Structures are given as C-alpha cells and as structure tokens.
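A short worksheet on the structure shown next.
Below, read A as the first sequence line, B as the second, and so on, with proteins coming before strands; counting in each chain starts at 1. Values reported hereafter were calculated over all heavy atoms of this structure, with side chains retained and with hydrogens, waters and symmetry mates removed.
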2 protein chains.
Amino acid sequence: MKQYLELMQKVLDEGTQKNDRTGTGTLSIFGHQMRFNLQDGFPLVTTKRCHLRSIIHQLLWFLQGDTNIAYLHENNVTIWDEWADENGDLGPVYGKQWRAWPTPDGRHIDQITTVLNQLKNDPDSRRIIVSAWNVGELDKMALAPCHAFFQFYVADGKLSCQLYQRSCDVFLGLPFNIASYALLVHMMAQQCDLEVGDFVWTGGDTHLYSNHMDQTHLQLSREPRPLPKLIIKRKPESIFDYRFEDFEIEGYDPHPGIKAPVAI
Amino acid sequence: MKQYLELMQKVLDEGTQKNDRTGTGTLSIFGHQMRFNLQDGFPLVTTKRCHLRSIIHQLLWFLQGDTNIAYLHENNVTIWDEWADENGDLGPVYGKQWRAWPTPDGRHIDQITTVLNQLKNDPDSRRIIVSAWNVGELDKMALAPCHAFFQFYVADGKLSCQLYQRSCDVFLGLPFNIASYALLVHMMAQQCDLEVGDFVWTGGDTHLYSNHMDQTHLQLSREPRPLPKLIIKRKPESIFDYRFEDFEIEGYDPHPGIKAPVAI
Ligand SMILES: C#CCN(Cc1ccc2[nH]c(N)nc(=O)c2c1)c1ccc(C(=O)N[C@@H](CCC(=O)O)C(=O)O)cc1
Ligand SMILES: C#CCN(Cc1ccc2[nH]c(N)nc(=O)c2c1)c1ccc(C(=O)N[C@@H](CCC(=O)O)C(=O)O)cc1
Ligand SMILES: *c1cc(=O)[nH]c(=O)n1[C@H]1C[C@H](O)[C@@H](COP(=O)(O)O)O1
Ligand SMILES: O=c1ccn([C@H]2C[C@H](O)[C@@H](COP(=O)(O)O)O2)c(=O)[nH]1
C-alpha cells in the first residue's frame, strides 16, 4: 500500500541503529501516523501475499477472551507458540483484558460489551476506548501488549478507529495488525448498522530489524495493486458469534509472499 | 505556534459538527499528530498569553501523587475546582495512577519511578510507558483522563515523548497540555543527563467548541512570535523535588490574552 511502503522507506532513510532486546539490532523512528480510508478498500498489503487464516482466528480468539493457544492450535495457527508456557497459556494477554479487566476490588470489566453499548447508546462519546495496557498485570503476561490501546469514533454514520501501537516491526507485524483492526471495524460497524470510516494507525517505536533489510528492498521495488474488498457473509446476533467461514476477500491479487525470520 | 495554528485551521476546515456530553456542540476531526522539537524553543503558545503558574503547579501536584485540590488552592490555581467534590477530591485521577496504580494482587505501581529506572538502565526499551487510563477505576474518577497515555524514547542521548490525548479541547486544554509535557521531558532529561528530543502529540477526538469560534478566528489572525526559552536553575536530587522557583522562562512576549468558557 502506498502509505505502508512510504513508512518502510522513512525508516530506512531516517532510523537510528539501536541495539535491541534480541541482540539483532533495529533501525528505528519514533512517531508516525497512517490513515486508511476503509471505503476505498480493505488495507491488506498487496506488495506481498498476506494470509488471512491467522489474522481472522486471532481476532475471534481475542473476542472470546481466551489467552490459551489451544483454539489457535485447533485452527492451525502457530504465531504464539514461542511465548506460550509449558501448558499453553500466555497469562492475561489481549483477550483477558478486552473481556475481563480485573478491578482492584476483584470485579471484572468487559470493555468490548461496554464499547458495544456505547456505540448504540452514546455514539458521540469521546471515551469509546479498549485498553490492553493493564499496568498491574503486565508482569504476569508472556509478552507486554504491542497494540496497546484503541479508540473508536462515530461521525456522519461512519465508524473510525485509531490504534496506538507502542512497538512496531514494520516488515512482519505491521501488515498483520493493520488488517486485524480493519477487520474488527467492519465487524463492529455491521453489528451497529453503521458505515466504515477511517482506520488511523499511530506508532511509538517503529522499526525494521537488521535481518529484514534485503526483504524490505525487495518489497519496496514492487508496485502496489488495487485493494481488495471484504465480504461479511452473515450477520450474527452478536460480535461474539462470528466464525471463520463468514469472511470473504474479493479482488486481492498480491505480489508473491516474501519469507523473513522472526526475532524473538 | 505554527503547528498549533495549523491544527485549528484543520479542525475548522475538516471538522464535523458533533454534540458533546456537555451539550454545547463541537466541531471535530478524529486523528491528528504533530511534533515539536524541544531544541527549537519551549512550546508555550505566543498568539495569546498563557499563564505558566498553573502549568508548573499542576505538574508538581501530579508528581506528588496528589488528587485533592488544596495544594492547588494555596498556590491559587483554580483550574480544577469545577470538578472537585465537597472535600476537594477528584477521585483516583492522574497523580494517583502515575504514582500508585492499584493492582488486583494488593500491590501499587509507581509508574514515574519505573520510567526513571528504565531511562537509566534500559533506555532502548520499547516499554517506557505511563498510563492514566485505569479502566477498573474510571467510575471513581471525577473526569476520565483526556491525556491518557505517554511513551518515552531515547535516541542519540535525546529524550522524546509521545502523548496520546483521547479528547482534546483545542482552544483551552491543548496549550496547557503541550506546555505540561514539554516541562516533564526537560525535567526527566535533566535528571538523566539527556538532551531534549521531540515532544510528539497525537489526538483522538480533536475539537473546537461552538462558543469558541470567534476567539479561534481572532487567534488565527495573529502571527506567532519566537518561542520562549526554559532555564532550570537547579538539579534536585529527585524528580519529586522540584520547586516552582527552579524554573524561569526567558524571552516570552505573547499577543494579548483571549478569554473563553469551559464546558464542564
Ligand atoms: C503481529 C502479530 C502476531 N504474531 C506474533 C506476536 C509476537 C510478539 C508480540 N508482541 C507483542 N508485544 N504483542 C503481540 O501481539 C505479539 C504477537 C505474529 C507472528 C509471526 C508473524 C509472521 O512471521 N508472519 C509471516 C508469515 C506467517 C503468517 O502468515 O502468519 C510473514 O511473512 O508475514 C506474524 C504475526
Ligand atoms: C488542560 C488542562 C487543565 N485544565 C483541566 C481541564 C478539565 C476539563 C476540561 N474540560 C473542557 N471542556 N476543556 C478543557 O480544556 C478542560 C481542562 C484546565 C482547566 C481550566 C482552564 C482554563 O479555563 N484556563 C484559563 C486561564 C485562567 C486560569 O488560570 O484560571 C484559560 O483561559 O485558558 C485550563 C485548563
Ligand atoms: C481534558 C483534559 C485536559 O487536560 N485537556 C483537555 O483538552 N480535556 C478536554 C477534552 C474535552 O473537551 C473535555 C473532556 O470531555 P470528555 O470526557 O471527553 O467527554 O475536556
Ligand atoms: O502487533 C505486533 C506484535 C509484535 N510486534 C513486535 C514489536 C517488537 O519487534 C516486538 C515486541 O517486543 P518489545 O518491544 O516488548 O521488546 O514484537 C509488532 O510490531 N506488532
């Protein structure tokens, strides 16, 4: 996508070499925002083939409030296996925070039902937020949340979403996240009988790892193609009842996949 | 300031009319970002006169862990009175979350001291974050956090900060908020012997209130004057040790004040 390849080049041209936690090295910038008008097409990168199976099962996993990779496993998704403990868990990661944030006094708050009731009952609210950054449980988490925080907005019947991402690996993880949250805005918009608007991505430390340098070069030389269109094939009676079969992506003619090693 | 005045012009050129919680009516855009290089000058608006007494005092109150207005009152700062209860209390807002976020296992996390340890011992961390958005306590808060989350970053011995403001009142609140976080970056950097980098502001619902349209156009007709300079006269043993008197702003000549109503 033009904005995405412009962020790749930006990093390449201005990033500073930093030693990172892995000991691989990064080239990074701090502060970047991208806007994707969703009316114009689905933001799935077309300069490399992106595979939806993982994107979709991971979002449905999250909305279930499940932090154990068994479902993911049962659906052939491997992305979280490195971080999961001895018997499948990640501790209170994304889905537990989304569906059951623990109050200090023992109650649990369901930020996705809150956000649903806010979109139907109070759509002009300036507080339609879901936060995964639970400072009090970060220590029990296999990995601190990368896509930490997000905010919805309604104006002239359209639903927009801004995501704050504290840490971003441009080559591998950024295409994944952009699509994931663009997909949640379409699910969220359908349930609330609403139009889709903008997806705004904002990042903190945005970086390209030293061993993805050739792959970036290879991806930057390809021309972006027309964006696909997402088809949602049936309306559930809740956001919690969507299934993998419900989604279809028409128009996606990508350049071939580029493989690149993960720095863990 | 060029950046601030361009944002106001943008809200005026691209905003949608939206009704707010206080029913006064706003003009809003969703998603903006702007960067202020702190080496260029101290970002206090000059197209209208700002009073620095309250920017410093509120920030020391926050760093104290305080959420009761009495301190602010004896330094006659009345910016928080409209929201405080009978006993001066605001409930667990900024100062309490920053200095003692309550966990579900009995602990409390001092997020400012943690940030300082990270800048000293692990400055390349992508996790140097302070969040006031505590979902399990928002119902005890007198007002939900508008400046909800901020991230620090250290590159070439320069400290930068990125603030995410979920709701922004552009005429009243935003000159207060930019000056407050630029102060904290200078204080942090002084304590850690770092130079100042950039303060990067990102907003969610960024808006102008309807009863502010004339004051905004008045402001916009003015030329920015050269930015002031911040001189700190002491290096306190800790960041919790600063006094009002340790700060001096040099060469600040603003255009006349412009007065305007608060929506409560
Ligand atoms: C992001 C995320 C979830 N994850 C992992 C993952 C890792 C660290 C994290 N760290 C943090 N802070 N939060 C997370 O949500 C998180 C998630 C991913 C893992 C691998 C690939 C990946 O290598 N993609 C390959 C192909 C495989 C595929 O299609 O799945 C590629 O070529 O793109 C993508 C996403
Ligand atoms: C941000 C922030 C902190 N705050 C708290 C705070 C809380 C709720 C809010 N609600 C709304 N609608 N807008 C805000 O800017 C806002 C700000 C402020 C409170 C008042 C003023 C204000 O009226 N100041 C006068 C100056 C005179 C004085 O010192 O009293 C002004 O004309 O600007 C500014 C900031
Ligand atoms: C809140 C906090 C601050 O210091 N600065 C701000 O600009 N605000 C503003 C935003 C909005 O005008 C109002 C809060 O209303 P709501 O909670 O968003 O509904 O104060
Ligand atoms: O949604 C995601 C998930 C992970 N990552 C990457 C960012 C960093 O490369 C790493 C997170 O590690 P720390 O920043 O906590 O060190 O995973 C992303 O870019 N996006």
With the side chain counted from C-beta on, respond yes when A/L59 and A/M187 share a heavy-atom pair under 4.5 Å apart, and no when they do not.
-> yes
Steps toward ring pair (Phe, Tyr, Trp, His ring centres under 6.0 Å) verdict (B/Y4, B/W201) = CA-CA 11 Å; B/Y4 171 73; B/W201 180 89; 9.4 Å; no
More than 12 heavy atoms from other groups under 6.0 Å of CD on A/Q17 | yes
Judged by atom type as modelled, is there a donor-acceptor pair below 3.5 Å linking the side chain of A/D40 to the main-chain atoms of A/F36?
-> no
Geometric class of the B/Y164/A/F149 ring pair [parallel <30°, tilted 30-60°, perpendicular >60°] | perpendicular
Kindly compute the distance separating CD (B/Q162) from NE2 (A/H32), expressed to the nearest 0.5 Å.
-> 11.0 Å
How many angstroms lie between CD1 in A/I79 and NE2 in A/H57, if you round to the nearest 0.5 Å?
-> 10.5 Å
Rounded to the nearest 0.5 Å, what's the gap from CD on A/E6 to CG on A/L220? Could you check?
-> 10.5 Å
Can any side-chain N or O of B/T103 pair as donor or acceptor with the backbone N or O of A/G136 at less than 3.5 Å?
-> no
Spacing of A/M8 atom CE and A/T216 atom OG1 [to the nearest 0.5 Å] = 4.0 Å
Are A/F247 and A/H186 near enough that their ring centres are under 6.0 Å apart?
-> no
Should the heavy atoms of other residues, nucleotides or ligands under 6.0 Å from CZ of A/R243 be counted, would the total exceed 12?
-> no
